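A.B. asks: Residues 1796 to 1898 in the authors' numbering are what the sequence shown lists, from first letter to last. A virtual CB, placed ideally from N, CA and C, is assigned to each residue, including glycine. Below: one structure in structure tokens.
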Amino acid sequence: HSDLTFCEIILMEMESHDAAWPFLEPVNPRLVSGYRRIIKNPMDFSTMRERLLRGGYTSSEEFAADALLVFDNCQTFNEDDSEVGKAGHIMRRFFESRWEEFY
Ligand SMILES: CC(=O)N1CCN(c2ccc(NC(=N)N)cc2)CC1
Ligand SMILES: [Mg+2]
């Protein structure tokens, strides 16, 4: 239990973060040329939200794996100096620092 309440806090905080806009909804491969081919396990904050609300996280580590998948994917598809990439670095650093001051 106590693991999952910290997941709620950090996901709520990532959901309302300024730099969260690229990650709130699943990427739409129809709009994003080449995303289907490059990103084999897409992940986003609303899917983590859907899974967290339904209970589908056994431990905080599974939650963290999805979080890190958001930022691993962001770095695979977007150049570091791109507008989405810059947002993603800000979000990844945010997650990592928040996660470490809980564990
Ligand atoms: C999460 C991720 O990797 N995404 C890449 C594709 N997305 C995107 C949005 C806006 C621009 N820029 C523009 N002028 N339309 C480029 C790409 C957003 C999600
Ligand atoms: Mg990693």
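1. Can you find a heavy atom of ligand 2 that lies under 7 angstroms from the Cβ of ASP1867?
2. Can you confirm whether the region 1820-1830 touches the region 1846-1858 when touching is taken to mean that 3 or more C-beta pairs between the two stretches lie within less than 8 angstroms?
3. Ligand 2 and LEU1863: does any heavy atom of the ligand fall closer than 7 angstroms to the residue's C-beta?
4. What residues in its chain sit with their C-beta under 6 angstroms from that of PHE1890, if we drop five residues either side in the sequence?
C.D. replies: This is what the structure gives:
1. For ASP1867, the shortest C-beta to heavy atom distance toward ligand 2 is below 7 angstroms.
2. Counting Cβ pairs under 8 angstroms, fewer than three are found: no touch.
3. True, at least one ligand heavy atom lies under 7 angstroms from that Cβ.
4. Here the set comprises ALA1862.
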